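coords12.cif (mmCIF, N, CA, C and O atoms)
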data_work
loop_
_atom_site.label_atom_id
_atom_site.label_comp_id
_atom_site.auth_asym_id
_atom_site.auth_seq_id
_atom_site.Cartn_x
_atom_site.Cartn_y
_atom_site.Cartn_z
N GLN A 1 0.84 -1.24 0.00
CA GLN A 1 0.00 0.00 0.00
C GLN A 1 0.86 1.27 0.00
O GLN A 1 2.01 1.25 0.40
N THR A 2 0.28 2.35 -0.45
CA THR A 2 0.98 3.67 -0.53
C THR A 2 -0.08 4.79 -0.46
O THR A 2 -0.81 4.87 0.51
N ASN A 3 -0.19 5.62 -1.47
CA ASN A 3 -1.20 6.74 -1.50
C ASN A 3 -2.65 6.25 -1.34
O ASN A 3 -3.51 7.02 -0.97
N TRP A 4 -2.91 4.99 -1.60
CA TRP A 4 -4.28 4.40 -1.48
C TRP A 4 -4.76 4.56 -0.03
O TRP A 4 -5.86 5.04 0.19
N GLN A 5 -3.95 4.18 0.93
CA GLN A 5 -4.35 4.32 2.37
C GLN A 5 -4.63 5.80 2.64
O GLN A 5 -5.58 6.14 3.32
N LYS A 6 -3.81 6.69 2.10
CA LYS A 6 -4.03 8.15 2.30
C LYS A 6 -5.33 8.59 1.60
O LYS A 6 -5.98 9.49 2.09
N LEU A 7 -5.70 7.99 0.49
CA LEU A 7 -6.96 8.37 -0.23
C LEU A 7 -8.17 8.16 0.68
O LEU A 7 -9.08 8.96 0.65
N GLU A 8 -8.20 7.12 1.49
CA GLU A 8 -9.36 6.90 2.40
C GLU A 8 -9.31 7.96 3.50
O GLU A 8 -10.33 8.52 3.86
N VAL A 9 -8.13 8.26 4.02
CA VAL A 9 -8.00 9.30 5.09
C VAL A 9 -8.44 10.62 4.43
O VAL A 9 -9.18 11.39 5.01
N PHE A 10 -7.98 10.86 3.22
CA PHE A 10 -8.32 12.08 2.42
C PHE A 10 -9.84 12.12 2.23
O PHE A 10 -10.46 13.15 2.43
N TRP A 11 -10.42 11.00 1.85
CA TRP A 11 -11.89 10.87 1.61
C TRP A 11 -12.71 11.34 2.81
O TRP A 11 -13.57 12.18 2.65
N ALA A 12 -12.46 10.80 3.99
CA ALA A 12 -13.24 11.22 5.20
C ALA A 12 -12.99 12.70 5.52
O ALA A 12 -13.92 13.39 5.88
N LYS A 13 -11.77 13.18 5.38
CA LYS A 13 -11.46 14.62 5.67
C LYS A 13 -12.32 15.50 4.76
O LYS A 13 -12.97 16.43 5.22
N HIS A 14 -12.34 15.19 3.48
CA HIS A 14 -13.16 15.97 2.50
C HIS A 14 -14.65 15.75 2.80
O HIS A 14 -15.41 16.70 2.84
N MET A 15 -15.04 14.52 3.03
CA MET A 15 -16.47 14.18 3.35
C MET A 15 -16.92 14.92 4.62
O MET A 15 -18.02 15.43 4.66
N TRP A 16 -16.08 14.98 5.63
CA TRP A 16 -16.45 15.70 6.88
C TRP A 16 -16.53 17.20 6.57
O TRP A 16 -17.37 17.88 7.13
N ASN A 17 -15.69 17.70 5.69
CA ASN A 17 -15.74 19.15 5.34
C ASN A 17 -17.09 19.44 4.67
O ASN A 17 -17.66 20.50 4.85
N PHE A 18 -17.61 18.49 3.91
CA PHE A 18 -18.93 18.66 3.23
C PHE A 18 -19.99 18.77 4.34
O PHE A 18 -20.85 19.63 4.30
N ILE A 19 -19.90 17.90 5.32
CA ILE A 19 -20.86 17.90 6.48
C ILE A 19 -20.64 19.15 7.35
O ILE A 19 -21.61 19.72 7.81
N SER A 20 -19.41 19.57 7.59
CA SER A 20 -19.18 20.79 8.44
C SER A 20 -19.75 22.04 7.75
O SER A 20 -20.30 22.89 8.42
N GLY A 21 -19.64 22.15 6.44
CA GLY A 21 -20.19 23.33 5.70
C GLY A 21 -21.71 23.36 5.86
O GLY A 21 -22.28 24.39 6.16
N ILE A 22 -22.36 22.22 5.66
CA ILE A 22 -23.85 22.12 5.80
C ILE A 22 -24.22 22.46 7.25
O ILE A 22 -25.17 23.18 7.49
N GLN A 23 -23.48 21.95 8.22
CA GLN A 23 -23.76 22.24 9.66
C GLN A 23 -23.59 23.74 9.93
O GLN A 23 -24.39 24.35 10.62
N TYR A 24 -22.54 24.30 9.39
CA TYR A 24 -22.23 25.76 9.55
C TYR A 24 -23.35 26.58 8.90
O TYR A 24 -23.89 27.48 9.52
N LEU A 25 -23.69 26.27 7.67
CA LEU A 25 -24.77 27.01 6.94
C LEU A 25 -26.13 26.77 7.59
O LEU A 25 -26.95 27.66 7.59
N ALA A 26 -26.38 25.59 8.12
CA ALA A 26 -27.70 25.29 8.78
C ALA A 26 -27.97 26.33 9.88
O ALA A 26 -29.07 26.84 9.97
N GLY A 27 -26.98 26.64 10.69
CA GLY A 27 -27.15 27.65 11.77
C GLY A 27 -26.96 29.07 11.22
O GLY A 27 -27.44 30.02 11.81
N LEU A 28 -26.27 29.23 10.10
CA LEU A 28 -26.04 30.58 9.49
C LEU A 28 -26.63 30.62 8.07
O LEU A 28 -25.94 30.89 7.11
N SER A 29 -27.91 30.36 7.94
CA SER A 29 -28.57 30.38 6.60
C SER A 29 -29.36 31.68 6.39
O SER A 29 -29.32 32.57 7.21
N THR A 30 -30.08 31.78 5.29
CA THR A 30 -30.89 33.00 4.99
C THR A 30 -32.35 32.61 4.72
O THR A 30 -33.21 33.14 5.42
#
Could you write out this file's structure as structure tokens?
Amino acid sequence: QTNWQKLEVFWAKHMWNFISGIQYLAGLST
């Protein structure tokens, strides 16, 4: 294994950023 293991770590980091933006906008929406 090499960058593949990092791709899954990368995947959750990006996926959580998608969820943090929605959580942030949910409380700060218009």
Inset, instruction - Can you work out the spacing between CA of residue 30 in chain A and CA of residue 11 in chain A in Å, to one decimal? - result: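 Value for the CA of residue 30 in chain A-CA of residue 11 in chain A distance: 29.4 Å.
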Inset, instruction - Report the distance between CA of residue 12 in chain A and CA of residue 27 in chain A in Å, rounded to one decimal place. - result: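 Those two atoms sit 22.5 Å apart.
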Inset, instruction - Record the distance separating atom O of residue 21 in chain A and CA of residue 7 in chain A, expressed in Å with one decimal. - result: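 Between atom O of residue 21 in chain A and CA of residue 7 in chain A the gap is 23.1 Å.
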Centre, x/y/z edge lengths, axis-aligned box for range 1-13 of chain A with 4 Å per side, as AutoDock Vina command-line options:
--center_x -6.0 --center_y 7.6 --center_z 2.1 --size_x 23.9 --size_y 25.7 --size_z 15.5
Inset, instruction - Any chance you could list, as a ChimeraX atom specification, the residues in chain A that come up alpha helix (DSSP H) when DSSP is run on the backbone? - result: /A:3-27
